[PDB]
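The file start.tsv comes next; it holds TSV, C-alpha atoms.
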chain	number	residue	atom	x	y	z
A	1	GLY	CA	45.69	-12.84	-36.91
A	2	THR	CA	44.52	-11.24	-33.64
A	3	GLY	CA	42.26	-8.47	-32.35
A	4	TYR	CA	39.48	-10.93	-31.56
A	5	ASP	CA	39.33	-9.41	-28.12
A	6	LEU	CA	38.66	-5.77	-28.76
A	7	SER	CA	34.98	-6.31	-29.36
A	8	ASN	CA	32.42	-7.88	-27.12
A	9	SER	CA	30.42	-10.00	-29.49
A	10	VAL	CA	33.28	-11.45	-31.51
A	11	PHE	CA	33.95	-15.17	-31.44
A	12	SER	CA	37.65	-16.06	-31.44
A	13	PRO	CA	38.94	-18.88	-33.65
A	14	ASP	CA	38.64	-21.17	-30.65
A	15	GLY	CA	35.01	-20.14	-30.15
A	16	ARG	CA	35.33	-18.07	-27.03
A	17	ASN	CA	34.18	-14.57	-26.28
A	18	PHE	CA	37.25	-12.88	-24.92
A	19	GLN	CA	35.53	-9.81	-23.53
A	20	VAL	CA	33.29	-12.10	-21.43
A	21	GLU	CA	36.40	-13.76	-20.06
A	22	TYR	CA	38.21	-10.52	-19.36
A	23	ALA	CA	35.05	-9.61	-17.42
A	24	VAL	CA	35.48	-12.65	-15.23
A	25	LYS	CA	38.91	-11.31	-14.30
A	26	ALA	CA	37.35	-8.11	-12.91
A	27	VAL	CA	35.24	-10.50	-10.82
A	28	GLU	CA	38.20	-12.53	-9.52
A	29	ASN	CA	39.86	-9.32	-8.39
A	30	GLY	CA	36.96	-8.87	-6.03
A	31	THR	CA	35.72	-9.60	-2.54
A	32	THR	CA	34.34	-13.00	-1.75
A	33	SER	CA	30.76	-13.85	-0.99
A	34	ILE	CA	28.99	-17.14	-0.85
A	35	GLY	CA	25.67	-18.79	-0.64
A	36	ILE	CA	24.81	-21.92	1.27
A	37	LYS	CA	21.50	-23.52	0.47
A	38	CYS	CA	19.86	-25.28	3.43
A	39	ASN	CA	16.90	-27.54	4.39
A	40	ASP	CA	14.33	-24.76	3.92
A	41	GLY	CA	16.21	-21.64	2.84
A	42	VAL	CA	19.47	-20.11	1.74
A	43	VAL	CA	22.07	-17.92	3.41
A	44	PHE	CA	24.25	-15.29	1.85
A	45	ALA	CA	27.29	-13.63	3.21
A	46	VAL	CA	30.04	-11.50	1.83
A	47	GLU	CA	33.43	-10.27	2.89
A	48	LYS	CA	33.44	-6.49	3.11
A	49	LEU	CA	36.96	-5.14	3.01
A	50	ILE	CA	37.62	-2.42	5.54
A	51	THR	CA	39.59	0.07	3.44
A	52	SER	CA	40.04	2.46	6.37
A	53	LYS	CA	38.77	3.27	9.87
A	54	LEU	CA	37.17	6.33	8.27
A	55	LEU	CA	34.51	3.99	6.92
A	56	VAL	CA	31.42	4.12	9.07
A	57	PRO	CA	30.79	0.56	10.42
A	58	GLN	CA	27.91	-1.63	9.20
A	59	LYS	CA	26.73	1.07	6.75
A	60	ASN	CA	28.00	0.35	3.23
A	61	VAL	CA	25.67	-2.64	2.83
A	62	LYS	CA	26.29	-4.93	-0.10
A	63	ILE	CA	23.74	-7.75	-0.09
A	64	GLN	CA	20.51	-6.79	-1.84
A	65	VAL	CA	16.96	-7.92	-1.76
A	66	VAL	CA	14.81	-8.36	-4.78
A	67	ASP	CA	11.10	-8.12	-4.02
A	68	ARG	CA	10.72	-9.49	-0.51
A	69	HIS	CA	11.82	-13.12	-0.82
A	70	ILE	CA	15.08	-12.90	-2.77
A	71	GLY	CA	18.59	-12.15	-1.72
A	72	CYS	CA	21.29	-11.13	-4.12
A	73	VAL	CA	25.03	-10.93	-3.52
A	74	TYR	CA	27.75	-10.49	-6.08
A	75	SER	CA	31.53	-10.00	-6.27
A	76	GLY	CA	33.22	-7.70	-8.69
A	77	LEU	CA	32.43	-4.29	-10.06
A	78	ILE	CA	29.81	-3.31	-7.51
A	79	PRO	CA	27.93	-0.95	-9.82
A	80	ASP	CA	27.54	-3.67	-12.48
A	81	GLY	CA	25.95	-5.76	-9.79
A	82	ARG	CA	23.60	-2.99	-8.69
A	83	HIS	CA	22.59	-2.53	-12.32
A	84	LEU	CA	21.83	-6.21	-12.44
A	85	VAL	CA	19.62	-5.88	-9.30
A	86	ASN	CA	17.63	-2.91	-10.64
A	87	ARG	CA	16.65	-5.05	-13.62
A	88	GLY	CA	15.92	-7.95	-11.30
A	89	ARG	CA	13.61	-5.79	-9.29
A	90	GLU	CA	11.85	-4.51	-12.42
A	91	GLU	CA	11.52	-8.00	-13.77
A	92	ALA	CA	10.14	-9.21	-10.42
A	93	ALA	CA	7.49	-6.48	-10.40
A	94	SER	CA	6.52	-7.18	-14.03
A	95	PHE	CA	5.98	-10.83	-13.04
A	96	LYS	CA	3.90	-10.05	-9.98
A	97	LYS	CA	1.76	-7.43	-11.69
A	98	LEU	CA	0.75	-9.87	-14.35
A	99	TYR	CA	0.59	-13.07	-12.29
A	100	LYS	CA	-0.06	-11.89	-8.70
A	101	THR	CA	2.23	-14.43	-7.06
A	102	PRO	CA	5.82	-13.33	-6.34
A	103	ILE	CA	8.46	-14.49	-8.85
A	104	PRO	CA	9.62	-18.10	-8.43
A	105	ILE	CA	13.38	-18.45	-8.04
A	106	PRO	CA	14.12	-20.51	-11.10
A	107	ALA	CA	12.12	-17.94	-13.11
A	108	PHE	CA	13.86	-15.03	-11.46
A	109	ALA	CA	17.21	-16.56	-12.25
A	110	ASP	CA	16.43	-17.08	-15.93
A	111	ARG	CA	15.24	-13.50	-16.16
A	112	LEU	CA	18.68	-12.58	-14.89
A	113	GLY	CA	20.52	-14.96	-17.13
A	114	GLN	CA	18.79	-13.68	-20.24
A	115	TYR	CA	19.58	-10.07	-19.46
A	116	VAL	CA	23.26	-10.91	-18.84
A	117	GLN	CA	23.56	-13.25	-21.82
A	118	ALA	CA	22.17	-10.34	-23.82
A	119	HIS	CA	25.21	-8.34	-22.89
A	120	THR	CA	27.42	-10.74	-24.84
A	121	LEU	CA	25.46	-10.29	-28.08
A	122	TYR	CA	26.51	-6.86	-29.24
B	1	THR	CA	-13.46	8.73	-19.29
B	2	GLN	CA	-15.04	6.10	-17.05
B	3	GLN	CA	-18.05	5.16	-14.98
B	4	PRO	CA	-17.75	3.23	-11.73
B	5	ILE	CA	-19.23	-0.23	-11.68
B	6	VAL	CA	-18.77	-2.27	-8.48
B	7	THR	CA	-18.69	0.27	-5.63
B	8	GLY	CA	-18.18	0.71	-1.94
B	9	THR	CA	-19.88	3.31	0.20
B	10	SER	CA	-18.77	5.71	2.97
B	11	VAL	CA	-15.58	5.63	5.01
B	12	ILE	CA	-15.70	7.54	8.24
B	13	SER	CA	-12.96	8.71	10.49
B	14	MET	CA	-12.00	11.02	13.30
B	15	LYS	CA	-8.88	11.69	15.26
B	16	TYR	CA	-8.66	11.61	19.06
B	17	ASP	CA	-6.19	12.63	21.81
B	18	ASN	CA	-3.63	9.93	21.01
B	19	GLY	CA	-4.62	8.51	17.61
B	20	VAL	CA	-7.25	8.14	14.93
B	21	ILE	CA	-10.05	5.73	14.09
B	22	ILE	CA	-11.48	4.91	10.70
B	23	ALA	CA	-14.12	2.54	9.45
B	24	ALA	CA	-15.94	1.33	6.39
B	25	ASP	CA	-18.32	-1.46	5.62
B	26	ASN	CA	-17.71	-4.65	3.76
B	27	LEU	CA	-19.96	-4.21	0.76
B	28	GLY	CA	-19.29	-4.05	-2.96
B	29	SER	CA	-22.49	-2.83	-4.56
B	30	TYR	CA	-23.29	-3.23	-8.28
B	31	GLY	CA	-25.78	-0.44	-8.72
B	32	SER	CA	-28.78	-1.39	-6.62
B	33	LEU	CA	-27.59	-5.01	-6.26
B	34	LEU	CA	-25.77	-5.52	-3.00
B	35	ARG	CA	-23.43	-7.93	-4.79
B	36	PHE	CA	-20.35	-8.68	-2.69
B	37	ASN	CA	-20.51	-9.09	1.03
B	38	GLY	CA	-16.88	-9.62	2.04
B	39	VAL	CA	-14.97	-6.62	0.79
B	40	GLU	CA	-12.40	-5.10	3.07
B	41	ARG	CA	-12.03	-1.50	2.16
B	42	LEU	CA	-9.72	-0.45	4.99
B	43	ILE	CA	-6.09	-0.91	3.83
B	44	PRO	CA	-3.35	-1.14	6.48
B	45	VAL	CA	0.01	0.12	5.29
B	46	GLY	CA	2.76	-0.91	7.64
B	47	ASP	CA	2.15	-0.30	11.29
B	48	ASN	CA	1.13	3.34	11.42
B	49	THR	CA	-1.39	3.87	8.68
B	50	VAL	CA	-4.69	2.73	7.32
B	51	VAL	CA	-6.12	4.04	4.13
B	52	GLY	CA	-9.84	3.73	3.64
B	53	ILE	CA	-11.19	3.84	0.13
B	54	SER	CA	-14.68	4.31	-1.38
B	55	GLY	CA	-15.65	4.44	-5.00
B	56	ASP	CA	-15.01	1.98	-7.75
B	57	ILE	CA	-13.66	-1.26	-6.32
B	58	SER	CA	-11.51	-2.28	-9.32
B	59	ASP	CA	-9.63	1.02	-8.89
B	60	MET	CA	-9.41	0.41	-5.14
B	61	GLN	CA	-7.93	-3.01	-5.80
B	62	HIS	CA	-5.50	-1.20	-8.07
B	63	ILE	CA	-4.62	1.16	-5.28
B	64	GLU	CA	-4.07	-1.84	-3.00
B	65	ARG	CA	-1.46	-3.06	-5.47
B	66	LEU	CA	0.12	0.38	-5.68
B	67	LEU	CA	0.40	0.41	-1.90
B	68	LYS	CA	2.06	-2.99	-1.54
B	69	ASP	CA	4.58	-1.96	-4.22
B	70	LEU	CA	5.20	1.29	-2.39
B	71	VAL	CA	6.11	-0.80	0.64
B	72	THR	CA	8.23	-3.35	-1.26
B	73	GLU	CA	10.23	-0.61	-2.95
B	74	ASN	CA	10.89	1.34	0.29
B	75	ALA	CA	12.57	-1.72	1.79
B	76	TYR	CA	14.99	-1.77	-1.12
B	77	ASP	CA	18.53	-0.75	-0.18
B	78	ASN	CA	16.95	0.79	2.87
B	79	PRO	CA	18.63	-0.52	6.03
B	80	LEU	CA	16.12	1.56	8.04
B	81	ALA	CA	13.00	0.20	6.27
B	82	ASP	CA	11.52	-1.12	9.52
B	83	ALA	CA	12.41	2.04	11.44
B	84	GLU	CA	13.59	5.64	10.78
B	85	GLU	CA	12.93	5.40	7.04
B	86	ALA	CA	9.67	3.53	7.24
B	87	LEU	CA	6.62	4.77	5.34
B	88	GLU	CA	4.91	7.55	7.20
B	89	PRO	CA	1.21	8.31	6.74
B	90	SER	CA	2.10	11.64	5.13
B	91	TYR	CA	4.34	9.94	2.59
B	92	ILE	CA	1.60	7.51	1.63
B	93	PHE	CA	-0.93	10.25	1.38
B	94	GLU	CA	1.09	12.65	-0.69
B	95	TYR	CA	1.86	9.80	-3.04
B	96	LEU	CA	-1.81	8.91	-3.46
B	97	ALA	CA	-2.78	12.57	-3.69
B	98	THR	CA	-0.28	12.97	-6.47
B	99	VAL	CA	-1.62	10.02	-8.42
B	100	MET	CA	-5.26	11.10	-8.14
B	101	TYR	CA	-4.58	14.58	-9.50
B	102	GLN	CA	-2.47	13.17	-12.27
B	103	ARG	CA	-5.15	10.70	-13.33
B	104	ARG	CA	-7.79	13.44	-13.23
B	105	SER	CA	-5.58	15.71	-15.30
B	106	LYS	CA	-5.25	12.94	-17.89
B	107	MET	CA	-9.02	12.57	-17.89
B	108	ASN	CA	-8.84	9.00	-16.69
B	109	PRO	CA	-9.46	9.23	-12.95
B	110	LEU	CA	-9.35	6.59	-10.29
B	111	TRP	CA	-13.00	6.78	-9.25
B	112	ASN	CA	-12.46	6.92	-5.55
B	113	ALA	CA	-12.53	9.04	-2.47
B	114	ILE	CA	-9.75	8.17	-0.01
B	115	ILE	CA	-8.96	8.92	3.58
B	116	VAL	CA	-5.54	8.21	4.95
B	117	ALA	CA	-5.50	7.91	8.67
B	118	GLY	CA	-2.50	7.27	10.77
B	119	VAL	CA	0.05	8.59	13.22
B	120	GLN	CA	3.46	10.03	12.43
B	121	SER	CA	6.91	9.05	13.74
B	122	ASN	CA	6.83	11.91	16.23
B	123	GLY	CA	3.35	11.00	17.48
B	124	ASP	CA	1.09	13.39	15.57
B	125	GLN	CA	-2.24	12.09	14.35
B	126	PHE	CA	-2.69	12.25	10.62
B	127	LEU	CA	-6.02	12.28	8.86
B	128	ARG	CA	-6.54	13.59	5.36
B	129	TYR	CA	-8.67	13.05	2.24
B	130	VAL	CA	-8.08	13.07	-1.50
B	131	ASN	CA	-10.49	12.04	-4.28
B	132	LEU	CA	-10.89	11.46	-8.00
B	133	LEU	CA	-10.25	15.12	-8.74
B	134	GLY	CA	-7.22	15.54	-6.58
B	135	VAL	CA	-9.02	17.64	-4.05
B	136	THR	CA	-7.51	17.21	-0.63
B	137	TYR	CA	-8.36	18.53	2.83
B	138	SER	CA	-8.04	17.65	6.51
B	139	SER	CA	-10.28	17.89	9.62
B	140	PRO	CA	-10.69	16.30	13.09
B	141	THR	CA	-13.38	14.23	11.42
B	142	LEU	CA	-13.65	13.13	7.83
B	143	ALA	CA	-16.02	10.94	5.88
B	144	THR	CA	-16.93	10.19	2.27
B	145	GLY	CA	-20.28	9.65	0.56
B	146	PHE	CA	-23.29	9.61	2.89
B	147	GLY	CA	-20.93	9.67	5.82
B	148	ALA	CA	-20.11	13.23	4.96
B	149	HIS	CA	-23.73	14.09	5.32
B	150	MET	CA	-24.71	11.96	8.26
B	151	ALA	CA	-21.52	10.95	10.08
B	152	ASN	CA	-19.74	14.29	10.05
B	153	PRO	CA	-22.51	16.08	11.99
B	154	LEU	CA	-22.39	13.37	14.61
B	155	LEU	CA	-18.63	12.90	14.81
B	156	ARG	CA	-18.27	16.69	15.04
B	157	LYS	CA	-20.47	16.97	18.14
B	158	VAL	CA	-17.57	15.25	19.90
B	159	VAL	CA	-14.70	17.04	18.16
B	160	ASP	CA	-15.93	20.37	16.84
B	161	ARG	CA	-12.46	21.93	16.59
B	162	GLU	CA	-8.75	21.06	17.14
B	163	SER	CA	-8.76	21.82	20.88
B	164	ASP	CA	-11.28	19.05	21.46
B	165	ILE	CA	-8.96	16.32	20.20
B	166	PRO	CA	-6.81	16.15	23.31
B	167	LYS	CA	-9.97	15.91	25.42
B	168	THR	CA	-11.42	12.95	23.53
B	169	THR	CA	-10.86	9.27	24.50
B	170	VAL	CA	-10.59	6.16	22.34
B	171	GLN	CA	-13.69	4.89	24.04
B	172	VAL	CA	-15.62	8.06	23.29
B	173	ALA	CA	-14.35	8.10	19.74
B	174	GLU	CA	-14.93	4.47	18.93
B	175	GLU	CA	-18.43	4.75	20.37
B	176	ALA	CA	-19.14	7.67	18.06
B	177	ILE	CA	-17.74	5.83	15.07
B	178	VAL	CA	-19.94	2.81	15.68
B	179	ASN	CA	-23.08	4.90	16.13
B	180	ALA	CA	-22.43	6.81	12.90
B	181	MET	CA	-21.99	3.47	11.31
B	182	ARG	CA	-25.33	2.37	12.64
B	183	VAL	CA	-27.01	5.53	11.42
B	184	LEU	CA	-25.66	4.98	7.92
B	185	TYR	CA	-27.08	1.47	7.87
B	186	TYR	CA	-30.50	2.92	8.58
B	187	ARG	CA	-30.47	5.69	6.02
B	188	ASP	CA	-28.02	4.54	3.30
B	189	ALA	CA	-29.65	2.06	0.98
B	190	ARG	CA	-26.17	0.97	-0.10
B	191	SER	CA	-24.76	0.24	3.34
B	192	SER	CA	-24.34	-3.13	4.86
B	193	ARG	CA	-24.46	-4.23	8.41
B	194	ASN	CA	-21.00	-5.80	8.47
B	195	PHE	CA	-18.01	-3.48	8.73
B	196	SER	CA	-14.33	-3.00	9.64
B	197	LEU	CA	-12.88	-0.57	12.17
B	198	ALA	CA	-9.33	0.36	12.86
B	199	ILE	CA	-7.60	2.49	15.43
B	200	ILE	CA	-4.10	3.77	15.21
B	201	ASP	CA	-2.93	4.89	18.65
B	202	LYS	CA	0.45	6.45	19.45
B	203	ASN	CA	0.91	3.86	22.18
B	204	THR	CA	-1.08	0.68	21.38
B	205	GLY	CA	-0.05	1.06	17.74
B	206	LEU	CA	-2.39	-0.29	15.08
B	207	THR	CA	-5.48	-2.21	16.13
B	208	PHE	CA	-7.54	-3.48	13.23
B	209	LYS	CA	-10.89	-5.10	14.01
B	210	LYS	CA	-12.64	-7.27	11.47
B	211	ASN	CA	-16.23	-8.53	11.41
B	212	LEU	CA	-18.01	-5.91	13.49
B	213	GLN	CA	-21.82	-5.53	13.23
B	214	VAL	CA	-24.36	-2.78	13.84
B	215	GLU	CA	-26.23	-3.67	17.03
B	216	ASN	CA	-28.61	-1.95	19.51
B	217	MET	CA	-31.08	-1.40	16.71
B	218	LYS	CA	-34.32	0.45	17.24
B	219	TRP	CA	-36.91	-1.01	14.87
B	220	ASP	CA	-39.61	-1.88	17.43
B	221	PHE	CA	-41.43	1.41	16.86
B	222	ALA	CA	-42.31	0.30	13.30
B	223	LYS	CA	-45.38	-1.58	14.65
B	224	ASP	CA	-47.45	1.52	15.46
B	225	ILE	CA	-47.34	2.78	11.86
B	226	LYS	CA	-50.12	1.96	9.45
B	227	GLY	CA	-51.04	3.75	6.25
B	228	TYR	CA	-49.74	7.13	5.19
B	229	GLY	CA	-52.16	9.51	6.84
B	230	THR	CA	-55.86	8.80	7.15
B	231	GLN	CA	-55.70	4.98	7.48
B	232	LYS	CA	-56.74	3.75	10.99
B	233	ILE	CA	-55.60	0.08	11.02
Can the structure in the file be given as C-alpha cells, please?
Amino acid sequence: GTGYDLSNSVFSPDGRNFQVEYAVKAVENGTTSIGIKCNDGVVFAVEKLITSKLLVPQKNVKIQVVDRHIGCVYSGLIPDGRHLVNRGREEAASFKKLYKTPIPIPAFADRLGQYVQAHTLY
Amino acid sequence: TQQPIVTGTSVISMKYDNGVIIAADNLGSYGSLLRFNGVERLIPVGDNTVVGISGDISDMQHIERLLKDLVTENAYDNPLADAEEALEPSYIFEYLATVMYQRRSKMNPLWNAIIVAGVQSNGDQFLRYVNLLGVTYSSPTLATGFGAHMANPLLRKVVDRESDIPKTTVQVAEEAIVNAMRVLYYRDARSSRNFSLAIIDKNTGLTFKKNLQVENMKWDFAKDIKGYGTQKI
C-alpha cells in the first residue's frame, strides 16, 4: 500500500524517510550559497535574489555567525535555517561555559547534526 | 547566602572634561593573606567602557564571562555591531545593575561593588556604580571600599560638582587618581602596590595602562619615631 509519506518518522518499504526527502526539495527550490575551504580558513557566499528595487540594498543579510569564529550559510526555508543557528549559538555557549575554549568545528557540526537528525525521529 | 572568599579591594574613578579614568590594584586577598598578585580587576568592554569590580573574585570572574557573552551575542545578526549598535556603557551598566538586584532579591548575591566607566556614542562621560544589593548611583567621582573613604575626599577636591568637570584635564585627573592610589597603599592593609589604570577619552578613545606602581613614597620620616610616648631612644 501507500501513505508512507504522510508522517515524518515512517520508514518506507525501501527504507527511506520520505518527509526528509520532500524537505530536500524545499531546499533545491532555493537560492545558492557555497563554501570554499582554503589554506587557513573558509569562505562563504550566497546568492541573494533581488525580488524588487523596493528592497533596501545590502540589508537583508543572510550569512550568520555562530559565536565569533563560525560562519553559517544555508539555502532553503530561511526560517528553518535561522532556527538551526539559534540552537547552534546555544550549543556553542553551553560548550564554552563548561570548557572555556570556543567550540571546535567538528564538535560544532556534530551538535548540529544531532539536532537535525533528531527531527527525523518523531 | 554566601560569604566572600578571595577578594579585591577599592576601585576608584572620576570623570573629567572629555572622558573618565578608573583604577584598581592587582591583588586578590584571602582574608589577611595577600594571596594573588596578578589580578586584573579592570574589565574593558569594547572600545568605550571599562568596568571595575571589587568584592569576591570568583563572582568577578563570573561577571567577566557574562560580559564577554554580552559582547558575543550583540554581534549576532547585528550588521552594526562594530558601530551604531555597539555596546554603550549605559547598556552594560543597566544590564549589570539588573543582575545584581535580581541576585540580591533571590538572596544569592554577587558579592561585588562595581563601577562602570565609559563614554557614550554622543560623547558624554558615563560613570556609575551598582553593588551586591542593587543600589546604584552616579557622581563626578566614585570609589568602592576604602576608596570611598579616602579617595573620594581627595578626588572631590578637584571635581566638587558637575561644573568642574569641563575645567579638569586628563593630566590633572590622572595625577589625582595616582595619588589616591598611593594613599590607599599607605592606609589600606589590603592594598597592593601594583595597579591598573584606564582612561576613556572622547578623542583618544580607550587607553588602558597595565603594571603601574605607587612611587614618590614618603617613609623617611619613620626614623625619628621611637617608643609610644615617654621613650627617649
* Structure fact -> Judged by only C-alpha atoms, the minimum distance to chain B among A:41, A:76, A:88, A:3 is found for A:88
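Interface residues on chain A toward chain B (cut-off 7 Å, only C-alpha atoms): residues 64, 65, 67 and 68 of chain A.
Between residue 68 (chain B) and the residues B:131, B:46, B:53, B:86, the shortest atom-to-atom distance, using all atoms listed in the file, involves B:46.
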Fewer than 4 positions away in the same chain doesn't count, so skip those; otherwise give me all residues within 10 Å of region 216-218 of chain B, counting all atoms listed in the file, as a PDB file with C-alpha atoms, in the coordinates of the input.
ATOM      1  CA  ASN B 179     -23.080   4.900  16.130  1.00  0.00           C
ATOM      2  CA  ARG B 182     -25.330   2.370  12.640  1.00  0.00           C
ATOM      3  CA  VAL B 183     -27.010   5.530  11.420  1.00  0.00           C
ATOM      4  CA  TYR B 186     -30.500   2.920   8.580  1.00  0.00           C
ATOM      5  CA  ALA B 222     -42.310   0.300  13.300  1.00  0.00           C
TER       6      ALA B 222
END
Each side padded by 6 Å, which centre and which edge lengths in Å (one decimal) define the axis-aligned box around the listed atoms of region 84-93 of chain A? Give them as JSON.
{"center_x": 14.7, "center_y": -6.1, "center_z": -11.5, "size_x": 26.3, "size_y": 18.3, "size_z": 16.5}
* What is the CA of residue 55 (chain B) to CA of residue 152 (chain B) distance in Å? -> 18.4 Å
* Leaving out region 78-81 of chain A and any residue of its chain fewer than 3 positions from it, which residues lie within 10 Å of it when counting all atoms listed in the file, given as a list in words? -> residues 27, 30, 31, 62, 64, 72, 73, 74, 75, 84, 85 and 86 of chain A
* In the coordinates of the file, take the point (-1.7, 5.2, 16.8) and a cut-off of 12 Å; then, counting all atoms listed in the file, name each qualifying protein, DNA or RNA residue as number ranges by chain. => B: 15-22, 46-50, 88-89, 117-127, 170, 198-208
* Quick one: residues within 10 Å of residue 150 (chain B), only C-alpha atoms counted, chain neighbours fewer than 2 positions away excluded, as a ChimeraX atom specification? -> /B:143-148,152-155,180-181,183-184,187-188
* **All residues 8 Å or closer to residue 137 (chain B), all atoms listed in the file, same chain fewer than 4 positions away omitted, as a ChimeraX atom specification** => /B:128-130
* Asked: residue 3 (chain B): which residues within 12 Å, counting all atoms listed in the file, same-chain residues fewer than 6 positions away excluded, as a list in words?
  -> residues 30, 31, 55, 56, 57, 58, 59, 108, 109, 110, 111, 112 and 132 of chain B
